[PDB]
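Please read the structure below before turning to the comments.
Chains as they are written, first to last, in the entry's author numbering: chain B, 2 to 38; chain B', 2 to 38; chain B'', 2 to 38; chain A, 1 to 36; chain A', 1 to 36; chain A'', 1 to 36. A prime marks a further copy of an entry chain.
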């Protein structure tokens, strides 16, 4: 179905927009580690 | 509208193809810094 | 045509899913180099 | 400082694809609805 | 250890766009077929 | 040398998504036009 797909996209676009959370919040440790050095 | 969207995509796909400018032109500082080391 | 496009997408989505091969298999050298250090 | 400023530029580009991916999807949904 | 764990998080995000890009395309192909 | 050669491989992959994102959009535009 198309609402199976709308749901399956939205959740997936959730996972990505989770990863880019994890990433964005390293980048701002890295921009902490860079503070010291 | 759809030409509102065509315009709003194209500009956005501009920003990205700006970032990937900024990035591509670090990668080739990094590939300069790597020259030394 | 649309099968010109289906083919031209699939091959391209091949190249990417080749790069993300190359990348995934650095990330797991990096996660080897990180072993030592 | 440049590499970190850059991983940031990769991160940045990906975020911009994320908005562009959602825009393509909007288009698709408008076509789904109009054409069905 | 964090940066490597992160490049991994970029790599990870890209892989997730790859699956999302293929999903948009499926939609497109269903519209191509229905509307032609 | 490998990590830099790799950030390059991320950069590379993103560029390839950019071309694939534009291709999906072409499809969408052909459907917009045909179906309206």
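Just so it is clear, CB atoms sit at the ideal spot from N, CA and C, and this is done for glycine as well.
Asked	Found
Nearest-angstrom Cα separation, counted from residue 5 of chain A'' out to residue 43 of chain A''	Residue numbering for chain A'' in the displayed model covers 1 to 36; residue 43 of chain A'' lies beyond these limits and cannot be assessed.
8 Å Cβ cutoff, residue 35 of chain A' in contact with chain B''	no
Where residue 11 of chain A falls: helix, strand or coil (DSSP)	helix
Segment contact, 8 Å Cβ cut-off, at least three pairs: the segment 25-34 of chain B' with the segment 8-16 of chain A'	no
Chain-ordered chain A contacts of residue 12 of chain B [CB-CB under 9 Å]	The premise fails here: residue 12 of chain B is roughly 13 Å from chain A at the closest Cβ pair, so nothing lies under 9 Å.
Under 8 Å between C-beta atoms of residue 18 of chain A'' and residue 10 of chain B'	no
Beta-carbon neighbours of residue 23 of chain A', restricted to chain B'' and to distances below 9 Å	Result: empty, since nearest Cβ-Cβ is about 11 Å, beyond 9 Å.
Beta-carbon proximity check, residue 34 of chain A vs residue 36 of chain A'', cutoff 8 Å	yes
Residue 34 of chain B burial status per 10 Å Cβ neighbour count (16 or more: buried)	exposed
Cβ-heavy atom distance, residue 33 of chain A' to the ligand COA, below 7 Å	Judged by which ligands are present, the structure shown has none, so any question about the ligand COA falls away.
Nearest-angstrom Cα separation, counted from residue 38 of chain B' out to residue 13 of chain B	41 Å
CB-CB length for residue 31 of chain B against residue 2 of chain A', believed under 8 Å	7 Å
For residue 35 of chain A, three-class secondary structure by DSSP	coil
For residue 38 of chain B'', the three-state DSSP class (helix, strand or coil)	coil
Members of the segment 1-29 of chain A near chain A'', C-beta cut-off 8 Å	3, 6, 7, 10, 13, 14, 17, 20, 21, 24, 27, 28
Check whether residue 32 of chain A'' and residue 3 of chain B' have beta carbons under 8 Å apart	yes
Any chain A beta carbon closer than 8 Å to residue 1 of chain B'	This structure cannot speak to residue 1 of chain B', because chain B' is shown only from 2 to 38.
Short CB-CB distance (under 8 Å) between residue 23 of chain B and chain A	no
Where residue 24 of chain A' sits in the DSSP three-state scheme	helix
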